[PDB]
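Below is one structure; the comments refer to it alone.
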Amino acid sequence: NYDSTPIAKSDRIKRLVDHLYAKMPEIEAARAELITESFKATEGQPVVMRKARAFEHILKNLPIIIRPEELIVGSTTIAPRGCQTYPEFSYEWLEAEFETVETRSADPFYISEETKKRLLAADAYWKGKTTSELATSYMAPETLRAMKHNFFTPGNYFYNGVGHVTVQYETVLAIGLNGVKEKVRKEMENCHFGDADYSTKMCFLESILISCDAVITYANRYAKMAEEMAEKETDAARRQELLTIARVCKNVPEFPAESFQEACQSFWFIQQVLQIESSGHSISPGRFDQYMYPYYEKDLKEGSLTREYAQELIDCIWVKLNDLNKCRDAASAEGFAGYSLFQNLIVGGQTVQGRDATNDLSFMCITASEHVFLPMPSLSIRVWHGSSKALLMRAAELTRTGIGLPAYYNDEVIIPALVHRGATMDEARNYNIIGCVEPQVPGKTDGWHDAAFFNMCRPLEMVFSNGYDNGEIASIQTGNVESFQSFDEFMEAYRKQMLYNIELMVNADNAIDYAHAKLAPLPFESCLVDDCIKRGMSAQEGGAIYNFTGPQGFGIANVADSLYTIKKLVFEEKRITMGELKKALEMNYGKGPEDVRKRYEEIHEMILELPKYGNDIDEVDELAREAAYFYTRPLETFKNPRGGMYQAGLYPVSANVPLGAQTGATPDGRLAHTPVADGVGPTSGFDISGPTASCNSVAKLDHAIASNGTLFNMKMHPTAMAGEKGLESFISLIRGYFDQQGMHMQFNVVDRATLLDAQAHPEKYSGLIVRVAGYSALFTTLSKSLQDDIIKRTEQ
Amino acid sequence: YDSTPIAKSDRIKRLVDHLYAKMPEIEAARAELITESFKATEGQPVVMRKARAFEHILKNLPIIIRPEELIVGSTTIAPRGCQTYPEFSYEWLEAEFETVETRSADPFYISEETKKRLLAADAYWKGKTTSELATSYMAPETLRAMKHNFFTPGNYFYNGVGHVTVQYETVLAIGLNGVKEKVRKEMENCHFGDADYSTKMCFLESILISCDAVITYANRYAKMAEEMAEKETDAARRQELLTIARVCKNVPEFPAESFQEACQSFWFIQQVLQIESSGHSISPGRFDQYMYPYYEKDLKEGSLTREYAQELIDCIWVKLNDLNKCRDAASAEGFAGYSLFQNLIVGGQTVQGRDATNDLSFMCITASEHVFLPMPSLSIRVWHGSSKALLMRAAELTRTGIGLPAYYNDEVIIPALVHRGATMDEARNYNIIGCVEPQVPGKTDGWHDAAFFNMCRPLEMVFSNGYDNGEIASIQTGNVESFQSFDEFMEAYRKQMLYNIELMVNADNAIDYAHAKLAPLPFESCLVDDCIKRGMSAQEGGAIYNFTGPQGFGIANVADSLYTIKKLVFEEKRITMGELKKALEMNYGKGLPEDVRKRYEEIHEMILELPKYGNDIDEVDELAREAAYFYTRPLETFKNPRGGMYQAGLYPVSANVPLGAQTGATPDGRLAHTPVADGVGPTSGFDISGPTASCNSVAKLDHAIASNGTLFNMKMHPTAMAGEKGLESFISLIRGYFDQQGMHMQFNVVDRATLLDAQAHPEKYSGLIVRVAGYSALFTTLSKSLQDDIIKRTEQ
């Protein structure tokens with residue numbers, strides 16, 4: 001019931017892409033000036049009302065631009081791929097980097113002298129008013145100690161907004177912001193003056209009204225500008241396009257979408273203003289092929305839309321998704337490298353009725369990726385036993401280009417995982433992915449899906465050092481390591497070290513949660529998520545039906561192999577004493593007195609010859625399963641202030657590299673300061689038994705208990721996907737892992753010499769894309785250390 | 001117990017005379033200190049900022065030991081001065097800089113230096129006050145109803161809440177050191193990962209800081225005492241100073257070890273509570289019960305004499321008059337006479353239901369007599385097992401004309417408290433808050449004076465069909481000339497009442513949110529169950545019992561008004577509804593053509609001749625009962641944001657005069673702009689059948705349902721109390737009223753000529769006290785219009 005044939009590319013698309021990249025990303029100060037201006041004028045009023053008023057002031061006055069040949073309009077900065085700033089969360093980090101941000105190694109941004117001055121002036125109002133400062137004050141001293149010694153970092157929602165949500169796009173498309181406002185006025189009628197919650201509920205609902213009208217005003221500024229640009233346009237065809245844009249923006253998102261272009265423009269406006277209201281990223285379009293489809297189908301059937309134009313519209317949206325950007329502090333930027341906003345867009349899967357959901361758009365989204373060939377969106381496909389073979393082959397073809405897309409998600413594990421955490425069957429079936437790999441019931445969840453990075457190796461190190469780090473006490477004292485008498489004693493020591501530091505991470509995240517609840521409720525994002533309107537409170541305060549916090553554990557492979565070393569070399573075979581393993585670790589295996597250096601290389605080498613995780617060796621893999629449980633099982637027992645539960649995730653973004661930089665040598669053989677594993681997959685170079693064996697090991701972990709999502713990276717040589725037979729074996733590989741309750745898979749398809757040559761001649765590989773982790777990025781916009789990590793990953 | 005009065009030290013008059021040597025003066029030190037502190041704690045949670053500011057104020061506030069003081073602790077350098085409280089409001093004060101020295105209600109001196117200092121300190125608080133936030137939380141209809149003087153919530157709007165009896169006995173028994181211990185113990189129940197850890201721990205840390213500040217505060221006094229004692233040449237005074245020095249080093253930090261320690265410990269808590277916040281009705285409560293164990297042990301060990309015990313108590317009494325508070329001019333007229341409504345009660349029952357009379361019960365009554373100042377608001381609990389000797393001693397005090405004590409009926413109050421949720425054990429231990437409001441001490445956040453509601457203004461709205469000054473002021477209940485039965489009129493009145501009562505609840509709830517968000521109070525809270533355990537302030541719902549208690553005015557006026565309408569318009573048809581309406585408009589022609597004027601006067605005269613409320617006339621009284629219910633019944637259905645219920649109260653303070661000033665003529669015969677009735681008692685000059693008939697009428701109201709308390713004023717001539725025969729008929733009068741389940745009585749005992757002489761020669765009557773309503777005041781500190789209302793009251 002669909003046409004799988006690729007639709008042709010418009011010559012426009014390349015010119016749109018080139019224009020995005022003509023200049024360096026640039027920081028602008030307009031938002032900071034406007035939010036400060038507004039807040040100065042509304043002191044004394046409730047927070048959520050001040051936030052709505054500021055959203056209003058920002059959207060009324062932010063400079064707008066229609067870029068050359070845009071069909072879909074809505075830019076946040078004048079400079080393509082620029083960012084605004086968000087002093088309501090934090091700003092001191094930015095002021096500190098004024099002179100360096102243009103030339104720094106990860107994600108540099110240009111900033112003019114005039115912008116620096118304007119920022120200094122606007123920021124000054126926010127000293128003592130930021131969420132980061134309140135969050136800090138709410139953290140225990142032990143939590144700040146733990147963060148100083150790099151056990152975990154909650155930087156993400158500490159420095160900037162939350163996001164990580166799939167909003168009700170379909171509700172805006174179906175009833176417009178007009179309809180949402182009507183839903184609000186209707187709820188207002190249920191409120192009576194003497195109700196104990198009248199004051200806060202009505203102020204929240206009024207705030208939605210102001211916010212909705214702000215977005216409508218915003219769309220109407222583009223209609224006006226499009227009309228003006230049309231009158232000055234020499235190209236007759238382009239003139240017509242601007243006139244169409246003008247009419248479209250007068251309709252959406254205020255009113256229900258009445259054509260495909262309106263739904264496209266309505267969607268984009270929502271996608272865009274959410275990231276003006278807050279700097280939270282992972283604003284994820286979700287099941288775009290599903291909710292956009294009725295507008296596509298109506299239009300195509302009544303004859304007024306061609307496939308070619310429909311493809312061009314989607315292509316333009318793909319481009320727009322790369323126009324948005326966000327500047328993070330230099331340390332954070334290494335953990336989120338490549339200018340990604342992690343805007344996840346998924347195709348395929350099941351209807352609520354449990355049939356295959358494939359439609360014409362499912363295919364057109366995959367084509368948009370190929371056409372645009374940029375890092376964003378993070379295209380994803382839902383896989384289930386009844387998946388369309390055509391759609392899978394089409395996805396396989398995209399993956400084979402080397403773009404790293406789509407990521408593949410397993411319905412058969414994700415749906416029951418969601419149900420087990422409280423979703424109904426109908427809701428779980430309608431899931432999509434947030435950001436990198438985090439599953440969610442859309443439009444009903446405040447998921448906090450990337451709440452912290454937790455380093456599982458740092459507690460292991462603490463077992464050896466009995467809680468000391470850098471000469472100072474840094475953790476609990478589980479005992480002198482040389483007095484442990486069995487492996488089970490050492491394991492218990494590790495479990496405890498893990499538990500204590502997990503609880504501190506929960507403290508960090510809970511502190512930050514109170515800060516956003518108190519200082520940053522978001523009226524606009526909230527009105528598009530159940531049940532904020534009806535409960536009369538924001539998603540930041542507990543308005544959403546589902547509430548989670550999802551922190552990520554790092555280094556399963558490293559920890560698993562480390563424990564195998566310890567179990568089998570120290571305690572069973574007794575070929576090494578605990579003491580000399582510890583000094584070996586201390587001295588980095590002697591890699592940076594010659595008896596001992598050689599003695600350390602010898603120790604190093606008998607460790608590297610041990611069997612490793614990712615080769616389908618039961619006795620190693622069981623330690624991986626159990627060590628994963630030392631993180632995922634305690635986590636699911638904690639609660640957050642939004643009334644919800646914690647749930648573990650296991651994905652790296654690009655933070656496995658800086659986290660590794662903070663980790664000394666580990667018993668698996670990994671050298672000090674080198675990256676830790678990415679996701680749940682095997683350490684690079686240790687999986688030598690091919691992909692099937694790799695999948696078998698990883699599938700032995702319990703993925704469902706990590707209901708915030710797991711990540712499995714794999715890298716194929718391009719000839720592995722050659723021909724139709726290559727695509728089909730590729731699908732079988734995925735299906736084999738998924739049949740074993742594996743959650744997710746994503747592939748680099750690239751030759752090693754390509755990447756080495758891209759390093760040596762970056763100017764010649766401007767357009768080269770690679771898969772990082774749960775997202776793709778332009779290779780030459782990544783730092784050398786992250787490039788090297790991607791390059792050293794095992795090639796199958 | 002021993003009932004013989006103890007003699008009066010010559011110290012007492014010298015202490016009293018020093019309080020009144022100069023005008024009350026506004027000081028700026030607190031404003032500066034709270035500004036200094038808050039400026040330095042931006043970015044910290046609010047309850048921590050309050051703790052730190054409280055700490056900064058108590059460390060740096062100028063202190064002083066007044067000449068010959070035995071109990072020390074002054075809030076201002078000027079006796080009977082006040083600090084200011086910009087955190088609630090300040091703009092009213094700046095507006096009154098030039099006029100507050102000579103204003104008619106409660107003037108204060110303010111130096112030019114103080115004006116400058118206040119202006120500088122205040123500027124920070126613009127946009128940060130509780131009053132601004134409360135405003136933003138009120139509905140437009142609520143603001144309109146307030147503009148038209150249907151009610152006023154000014155009390156907690158402009159200044160703090162208070163209205164609480166804390167656990168004094170807990171401070172006396174375990175000291176603040178023990179309280180800190182109680183907090184630290186609760187902290188061990190809190191784990192890093194608990195969802196409420198951040199907020200609970202921050203709250204508990206704040207209690208610690210607050211307790212240490214108060215210990216620091218007492219220690220500043222110990223040090224000053226030692227210094228003064230070095231330069232004191234009178235050997236006996238020098239000894240007093242050394243003893244003070246030793247006392248302030250032990251209390252309130254540690255359990256009180258003597259009666260003077262208990263006294264000093266009490267007073268410090270009484271004092272700093274009113275430095276932390278400007279809320280008044282900080283009510284000592286059952287002082288004779290919780291002070292008794294310290295008196296008793298000290299007496300039987302021989303260490304303490306009855307003379308010295310009495311002298312200490314007299315000193316506390318003096319101290320209670322040293323504190324003061326400046327309200328805005330309008331509000332001052334409702335709380336006239338510089339009162340803080342500090343209620344202290346004696347007698348009643350033990351928790352086991354036996355008479356609770358002891359030595360201190362008699363000594364508290366004697367202290368009033370000795371000091372003869374307005375404060376404390378001495379009260380006595382009356383029950384069927386009351387000691388006759390104590391009642392007679394109370395009767396003696398009342399005979400002096402001081403207006404004390406107020407008499408409260410255990411037989412009504414205890415069941416009323418139980419019905420609202422108190423256990424029998426708790427209710428038996430009640431005391432009075434402020435004027436007449438019953439409370440379970442140390443467990444309640446009662447909001448016992450949340451608003452003044454004018455029951456006449458909705459009655460006026462029936463006649464005018466919701467109009468006031470040509471503009472809409474309320475709902476349209478229908479043209480008054482088209483009601484064709486009295487029941488339709490009553491129904492119209494009931495709906496006007498319902499609509500405006502709900503708005504009042506809106507006003508109070510808005511204010512409730514403002515205090516909960518901007519002014520939680522760590523020190524007050526830690527002396528009230530169950531804040532510590534729950535990890536939240538009493539402003540947020542930490543207290544076991546939560547109420548809001550708004551006051552209805554004009555029961556007698558409304559009752560008689562409805563009687564007029566019933567008999568004269570509908571039953572005897574002597575007047576048309578339209579002509580009654582005109583009569584009211586023209587104020588009975590008391591201020592046209594002459595034929596018209598005396599027509600209205602003729603109508604006035606026949607209304608005056610009607611039987612009235614307060615004469616045991618059943619047909620008038622059942623309307624009083626029913627009218628009261630139009631107020632007290634709908635109010636008990638509303639909730640507050642602290643999770644508690646509204647409960648109606650019926651008392652006037654001194655507000656019946658300014659509220660009366662905002663009310664046109666009424667069908668009862670009351671002329672325009674004249675005071676409405678004081679409390680639940682008969683209109684002045686309308687009760688002409690004797691006091692027993694008066695009581696009989698007033699006991700026909702449902703007092704229990706008004707569980708926030710009712711007030712019944714009465715004025716005797718002095719010859720009515722003369723001789724022991726007078727004291728016993730007096731007691732019988734109260735018992736007779738109480739036996740019919742009246743809640744409260746209080747008395748003026750004074751010849752009309754005395755009050756008039758006091759108006760003609762106030763220089764002769766600086767010591768003259770009168771009973772106002774739920775409190776006594778110096779007569780010559782009252783405005784003329786209030787003096788006149790007290791003068792016009794019925795003499796029996």
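Naming scheme: A, B, ... for chains in displayed order of the structure tokens; residues 1 onward per chain; ligands 1 onward as shown.
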### Task
Within region 325-446 of chain B, find each residue whose DSSP state, derived from the backbone, is strand (DSSP E), and express the selection as a list in words.
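Those in region 325-446 of chain B that DSSP calls strand (DSSP E) are residues 343, 344, 345, 346, 347, 377, 378, 379, 380, 381, 382, 406, 407, 408, 409, 431, 432, 433, 437, 438, 439, 444 and 445 of chain B.
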Taking only C-alpha atoms into account, find every residue of chain B that has an atom no more than 9 Å from chain A, and write it out as a PDB file with N, CA and C atoms, in the first residue's frame.
```pdb
ATOM      1  N   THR B  41      22.650  36.254  49.045  1.00  0.00           N
ATOM      2  CA  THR B  41      22.246  34.844  49.027  1.00  0.00           C
ATOM      3  C   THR B  41      21.396  34.508  47.800  1.00  0.00           C
ATOM      4  N   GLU B  42      21.416  35.387  46.804  1.00  0.00           N
ATOM      5  CA  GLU B  42      20.690  35.136  45.567  1.00  0.00           C
ATOM      6  C   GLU B  42      21.220  33.860  44.930  1.00  0.00           C
ATOM      7  N   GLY B  43      20.306  33.021  44.455  1.00  0.00           N
ATOM      8  CA  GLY B  43      20.657  31.736  43.890  1.00  0.00           C
ATOM      9  C   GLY B  43      20.534  30.592  44.878  1.00  0.00           C
ATOM     10  N   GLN B  44      20.255  30.907  46.141  1.00  0.00           N
ATOM     11  CA  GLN B  44      20.046  29.851  47.120  1.00  0.00           C
ATOM     12  C   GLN B  44      18.550  29.649  47.300  1.00  0.00           C
ATOM     13  N   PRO B  45      18.147  28.468  47.786  1.00  0.00           N
ATOM     14  CA  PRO B  45      16.708  28.283  47.998  1.00  0.00           C
ATOM     15  C   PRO B  45      16.160  29.227  49.072  1.00  0.00           C
ATOM     16  N   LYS B 126      11.589  46.022  45.625  1.00  0.00           N
ATOM     17  CA  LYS B 126      10.663  46.267  44.530  1.00  0.00           C
ATOM     18  C   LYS B 126      10.591  45.007  43.677  1.00  0.00           C
ATOM     19  N   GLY B 127       9.396  44.446  43.551  1.00  0.00           N
ATOM     20  CA  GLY B 127       9.202  43.264  42.738  1.00  0.00           C
ATOM     21  C   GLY B 127       9.551  41.948  43.422  1.00  0.00           C
ATOM     22  N   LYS B 128       9.988  42.006  44.675  1.00  0.00           N
ATOM     23  CA  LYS B 128      10.353  40.799  45.413  1.00  0.00           C
ATOM     24  C   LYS B 128       9.439  40.506  46.617  1.00  0.00           C
ATOM     25  N   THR B 129       8.419  41.337  46.836  1.00  0.00           N
ATOM     26  CA  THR B 129       7.591  41.232  48.040  1.00  0.00           C
ATOM     27  C   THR B 129       6.478  40.184  47.935  1.00  0.00           C
ATOM     28  N   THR B 130       6.004  39.712  49.086  1.00  0.00           N
ATOM     29  CA  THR B 130       4.882  38.788  49.099  1.00  0.00           C
ATOM     30  C   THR B 130       3.625  39.481  48.582  1.00  0.00           C
ATOM     31  N   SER B 131       3.464  40.759  48.930  1.00  0.00           N
ATOM     32  CA  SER B 131       2.275  41.496  48.517  1.00  0.00           C
ATOM     33  C   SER B 131       2.167  41.598  46.987  1.00  0.00           C
ATOM     34  N   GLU B 132       3.276  41.859  46.295  1.00  0.00           N
ATOM     35  CA  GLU B 132       3.239  41.930  44.826  1.00  0.00           C
ATOM     36  C   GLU B 132       2.837  40.593  44.213  1.00  0.00           C
ATOM     37  N   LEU B 133       3.402  39.503  44.719  1.00  0.00           N
ATOM     38  CA  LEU B 133       3.089  38.186  44.187  1.00  0.00           C
ATOM     39  C   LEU B 133       1.627  37.831  44.458  1.00  0.00           C
ATOM     40  N   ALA B 134       1.157  38.078  45.682  1.00  0.00           N
ATOM     41  CA  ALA B 134      -0.235  37.805  46.044  1.00  0.00           C
ATOM     42  C   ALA B 134      -1.182  38.517  45.076  1.00  0.00           C
ATOM     43  N   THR B 135      -0.944  39.811  44.870  1.00  0.00           N
ATOM     44  CA  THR B 135      -1.705  40.578  43.890  1.00  0.00           C
ATOM     45  C   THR B 135      -1.793  39.879  42.542  1.00  0.00           C
ATOM     46  N   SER B 136      -0.655  39.429  42.027  1.00  0.00           N
ATOM     47  CA  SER B 136      -0.619  38.819  40.701  1.00  0.00           C
ATOM     48  C   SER B 136      -1.402  37.510  40.672  1.00  0.00           C
ATOM     49  N   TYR B 137      -1.623  36.917  41.840  1.00  0.00           N
ATOM     50  CA  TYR B 137      -2.360  35.654  41.935  1.00  0.00           C
ATOM     51  C   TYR B 137      -3.883  35.810  42.136  1.00  0.00           C
ATOM     52  N   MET B 138      -4.360  37.036  42.374  1.00  0.00           N
ATOM     53  CA  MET B 138      -5.789  37.278  42.600  1.00  0.00           C
ATOM     54  C   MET B 138      -6.563  37.488  41.295  1.00  0.00           C
ATOM     55  N   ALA B 139      -7.788  36.978  41.218  1.00  0.00           N
ATOM     56  CA  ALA B 139      -8.625  37.194  40.034  1.00  0.00           C
ATOM     57  C   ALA B 139      -9.030  38.671  39.916  1.00  0.00           C
ATOM     58  N   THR B 142     -11.843  39.447  42.113  1.00  0.00           N
ATOM     59  CA  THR B 142     -11.441  39.549  43.511  1.00  0.00           C
ATOM     60  C   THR B 142     -10.953  40.959  43.815  1.00  0.00           C
ATOM     61  N   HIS B 191      17.964  10.077  53.012  1.00  0.00           N
ATOM     62  CA  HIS B 191      19.005   9.480  52.186  1.00  0.00           C
ATOM     63  C   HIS B 191      19.175  10.261  50.886  1.00  0.00           C
ATOM     64  N   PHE B 192      20.429  10.392  50.462  1.00  0.00           N
ATOM     65  CA  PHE B 192      20.814  11.156  49.285  1.00  0.00           C
ATOM     66  C   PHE B 192      19.876  10.999  48.078  1.00  0.00           C
ATOM     67  N   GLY B 193      19.386   9.780  47.846  1.00  0.00           N
ATOM     68  CA  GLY B 193      18.539   9.504  46.700  1.00  0.00           C
ATOM     69  C   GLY B 193      17.038   9.700  46.895  1.00  0.00           C
ATOM     70  N   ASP B 194      16.597  10.009  48.115  1.00  0.00           N
ATOM     71  CA  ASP B 194      15.168  10.264  48.338  1.00  0.00           C
ATOM     72  C   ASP B 194      14.728  11.404  47.436  1.00  0.00           C
ATOM     73  N   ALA B 195      13.516  11.305  46.896  1.00  0.00           N
ATOM     74  CA  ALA B 195      13.004  12.318  45.974  1.00  0.00           C
ATOM     75  C   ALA B 195      12.888  13.698  46.632  1.00  0.00           C
ATOM     76  N   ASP B 196      12.737  13.719  47.957  1.00  0.00           N
ATOM     77  CA  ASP B 196      12.569  14.979  48.688  1.00  0.00           C
ATOM     78  C   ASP B 196      13.814  15.382  49.480  1.00  0.00           C
ATOM     79  N   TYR B 197      14.956  14.746  49.212  1.00  0.00           N
ATOM     80  CA  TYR B 197      16.169  15.019  49.993  1.00  0.00           C
ATOM     81  C   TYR B 197      16.575  16.491  49.905  1.00  0.00           C
ATOM     82  N   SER B 198      16.666  17.050  48.694  1.00  0.00           N
ATOM     83  CA  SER B 198      17.137  18.432  48.526  1.00  0.00           C
ATOM     84  C   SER B 198      16.317  19.437  49.337  1.00  0.00           C
ATOM     85  N   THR B 199      15.005  19.366  49.214  1.00  0.00           N
ATOM     86  CA  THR B 199      14.129  20.317  49.876  1.00  0.00           C
ATOM     87  C   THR B 199      14.052  20.045  51.382  1.00  0.00           C
ATOM     88  N   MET B 201      16.339  18.489  53.347  1.00  0.00           N
ATOM     89  CA  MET B 201      17.614  18.780  54.000  1.00  0.00           C
ATOM     90  C   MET B 201      17.882  20.273  54.069  1.00  0.00           C
ATOM     91  N   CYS B 202      17.605  20.976  52.976  1.00  0.00           N
ATOM     92  CA  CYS B 202      17.717  22.423  52.982  1.00  0.00           C
ATOM     93  C   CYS B 202      16.828  23.034  54.079  1.00  0.00           C
ATOM     94  N   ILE B 501     -18.123  35.730  49.247  1.00  0.00           N
ATOM     95  CA  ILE B 501     -17.331  34.861  50.102  1.00  0.00           C
ATOM     96  C   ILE B 501     -16.276  34.087  49.271  1.00  0.00           C
ATOM     97  N   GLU B 502     -16.686  33.569  48.116  1.00  0.00           N
ATOM     98  CA  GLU B 502     -15.767  32.827  47.260  1.00  0.00           C
ATOM     99  C   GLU B 502     -14.601  33.701  46.769  1.00  0.00           C
ATOM    100  N   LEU B 503     -14.874  34.980  46.529  1.00  0.00           N
ATOM    101  CA  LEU B 503     -13.821  35.894  46.114  1.00  0.00           C
ATOM    102  C   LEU B 503     -12.832  36.109  47.252  1.00  0.00           C
ATOM    103  N   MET B 504     -13.347  36.189  48.477  1.00  0.00           N
ATOM    104  CA  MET B 504     -12.503  36.348  49.645  1.00  0.00           C
ATOM    105  C   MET B 504     -11.572  35.159  49.787  1.00  0.00           C
ATOM    106  N   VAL B 505     -12.092  33.974  49.481  1.00  0.00           N
ATOM    107  CA  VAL B 505     -11.312  32.757  49.581  1.00  0.00           C
ATOM    108  C   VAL B 505     -10.215  32.818  48.507  1.00  0.00           C
ATOM    109  N   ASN B 506     -10.543  33.426  47.375  1.00  0.00           N
ATOM    110  CA  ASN B 506      -9.565  33.624  46.313  1.00  0.00           C
ATOM    111  C   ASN B 506      -8.453  34.549  46.786  1.00  0.00           C
ATOM    112  N   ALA B 507      -8.838  35.667  47.386  1.00  0.00           N
ATOM    113  CA  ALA B 507      -7.877  36.623  47.916  1.00  0.00           C
ATOM    114  C   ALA B 507      -6.926  35.957  48.910  1.00  0.00           C
ATOM    115  N   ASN B 509      -6.315  32.681  49.486  1.00  0.00           N
ATOM    116  CA  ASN B 509      -5.516  31.638  48.852  1.00  0.00           C
ATOM    117  C   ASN B 509      -4.335  32.184  48.039  1.00  0.00           C
ATOM    118  N   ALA B 510      -4.555  33.293  47.339  1.00  0.00           N
ATOM    119  CA  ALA B 510      -3.504  33.992  46.613  1.00  0.00           C
ATOM    120  C   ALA B 510      -2.386  34.410  47.562  1.00  0.00           C
ATOM    121  N   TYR B 513      -0.344  31.429  48.828  1.00  0.00           N
ATOM    122  CA  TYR B 513       0.715  31.012  47.904  1.00  0.00           C
ATOM    123  C   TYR B 513       1.926  31.923  47.964  1.00  0.00           C
ATOM    124  N   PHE B 638     -14.682  25.388  51.937  1.00  0.00           N
ATOM    125  CA  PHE B 638     -13.530  25.749  51.111  1.00  0.00           C
ATOM    126  C   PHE B 638     -12.197  25.254  51.668  1.00  0.00           C
ATOM    127  N   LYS B 639     -11.232  25.046  50.778  1.00  0.00           N
ATOM    128  CA  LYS B 639      -9.909  24.572  51.176  1.00  0.00           C
ATOM    129  C   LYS B 639      -8.810  25.604  50.885  1.00  0.00           C
ATOM    130  N   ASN B 640      -7.665  25.448  51.548  1.00  0.00           N
ATOM    131  CA  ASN B 640      -6.556  26.367  51.365  1.00  0.00           C
ATOM    132  C   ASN B 640      -5.367  25.606  50.806  1.00  0.00           C
ATOM    133  N   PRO B 641      -4.352  26.322  50.313  1.00  0.00           N
ATOM    134  CA  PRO B 641      -3.320  25.537  49.607  1.00  0.00           C
ATOM    135  C   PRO B 641      -2.451  24.722  50.571  1.00  0.00           C
ATOM    136  N   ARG B 642      -2.605  24.931  51.878  1.00  0.00           N
ATOM    137  CA  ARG B 642      -1.844  24.143  52.843  1.00  0.00           C
ATOM    138  C   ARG B 642      -2.533  22.806  53.150  1.00  0.00           C
ATOM    139  N   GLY B 643      -3.626  22.520  52.440  1.00  0.00           N
ATOM    140  CA  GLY B 643      -4.363  21.274  52.611  1.00  0.00           C
ATOM    141  C   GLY B 643      -5.375  21.296  53.753  1.00  0.00           C
TER     142      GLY B 643
END
```
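Residues surrounding residue 14 (chain B) within 10 Å are residues 9, 19, 67, 68 and 69 of chain B [only C-alpha atoms; sequence separation below 5 positions excluded].
From CA of residue 406 (chain B) back to CA of residue 82 (chain B), the distance works out to 26.8 Å.
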### Task
Would you mind listing what lies within 7 Å of region 434-450 of chain B as number ranges by chain, with only C-alpha atoms counted and same-chain residues fewer than 3 positions away left out?
B: 153, 155-156, 161, 163-167, 281, 283, 341-343, 426-427, 429-431, 508, 527-530, 538, 543-551, 708-711, 774-775
### Task
Work out how far apart CA of residue 412 (chain B) and CA of residue 742 (chain B) are and give it in Å to one decimal.
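Computed distance, CA of residue 412 (chain B) to CA of residue 742 (chain B), equals 7.1 Å.
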### Message
Which residues are close to residue 500 (chain B), i.e. within 8 Å by only C-alpha atoms, leaving aside same-chain residues fewer than 4 positions away? Reply as a PyMOL selection string.
### Response
chain B and resi 145+150+458+474+496+504
Residue selection dump (C-alpha atoms) as a PDB file, in the first residue's frame:
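Generated output (out.pdb):
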```
ATOM      1  CA  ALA B 145     -14.777  43.145  45.230  1.00  0.00           C
ATOM      2  CA  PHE B 150     -16.872  43.805  50.394  1.00  0.00           C
ATOM      3  CA  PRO B 458     -23.826  42.081  50.024  1.00  0.00           C
ATOM      4  CA  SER B 474     -21.079  42.190  42.125  1.00  0.00           C
ATOM      5  CA  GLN B 496     -24.692  37.896  47.052  1.00  0.00           C
ATOM      6  CA  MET B 504     -12.503  36.348  49.645  1.00  0.00           C
TER       7      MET B 504
END
```
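Between CA of residue 314 (chain B) and CA of residue 178 (chain B) there is a distance of 28.6 Å.
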### Task
Would you list the contacts of residue 579 (chain A) as a PyMOL selection string, taking every protein, DNA or RNA residue within 8 Å and counting only C-alpha atoms, but skipping same-chain residues closer than 2 positions in sequence?
chain A and resi 481-482+577+581-583
### Task
Between B:356, B:569, B:733, B:627, single out the one closest to residue 720 (chain B), counting only C-alpha atoms.
B:733
### Polymer residues at most 8 Å from region 434-449 of chain A, only C-alpha atoms, same-chain spacing of 6 or more positions, as a ChimeraX atom specification
/A:162-168,281-284,286,341-344,378,414,418,423,427-428,528-531,539-540,544-551,649,651,653,707-711,744,773-775
